[PDB]
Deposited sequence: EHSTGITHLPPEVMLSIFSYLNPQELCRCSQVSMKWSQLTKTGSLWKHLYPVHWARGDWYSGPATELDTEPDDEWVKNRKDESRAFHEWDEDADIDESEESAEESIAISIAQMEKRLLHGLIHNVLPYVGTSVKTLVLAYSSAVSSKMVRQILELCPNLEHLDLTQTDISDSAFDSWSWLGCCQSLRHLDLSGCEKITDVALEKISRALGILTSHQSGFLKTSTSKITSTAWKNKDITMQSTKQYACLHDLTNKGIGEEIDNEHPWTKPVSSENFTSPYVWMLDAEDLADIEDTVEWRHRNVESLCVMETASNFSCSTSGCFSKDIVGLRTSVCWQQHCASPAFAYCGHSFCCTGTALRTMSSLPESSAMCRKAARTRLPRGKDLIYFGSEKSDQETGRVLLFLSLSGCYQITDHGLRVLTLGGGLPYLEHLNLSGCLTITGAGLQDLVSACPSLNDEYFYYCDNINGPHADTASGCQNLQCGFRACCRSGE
């Protein structure tokens, strides 16, 4: 197996889940450098992994994983991380996220649904383009984020950059017209085809018209927002998805 060139061992180290990829890392001194190349750590699911599910696909024990792949992996891989799905996490703070988003600058798919995340988990995102080429951003349930997290997200996308294709602020009931008038800066979003604002009950249709007037690719089947509001595309858009839902915020019960 030693006569194989590194370009073939790299191909062999692709059908291995990250648990086997770290077992192989302590076989020889060559593999130890060869299982941390970066083409093997593109997608990482720290919440599915600390459950028995080692997926690593295209799209508690848990605190130990986020403390392991934050000093042992992310510094070495470390800029070749494409996705990061922290959805429905039991132990993920605004500190364990501020330190992952500082080591993954080529991120493409964030997923922070239902996490104890504040608008300080994006403090590492300040150089106007921090995590550009970001396609998917799911913050559905982070009720603690104000319109200050969106001032760092609208800066960490860049200029026309701004290739976001998905935005799911579904429950972040503290964002306002300034939280959406800031996303329409530099660009705004010209590739956005999905805008789930279903739960932000304190935005106004005058500040949502300004947002929709800057997302020309927005599909209207996937444009959710408050029912008690008079925003755009009233005869084609959708309504709030948080009716009869205890998980996410909603201005009414829908019962």
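Several segments of the deposited sequence are absent from the coordinates, namely 1-5, 65-111, 213-397.
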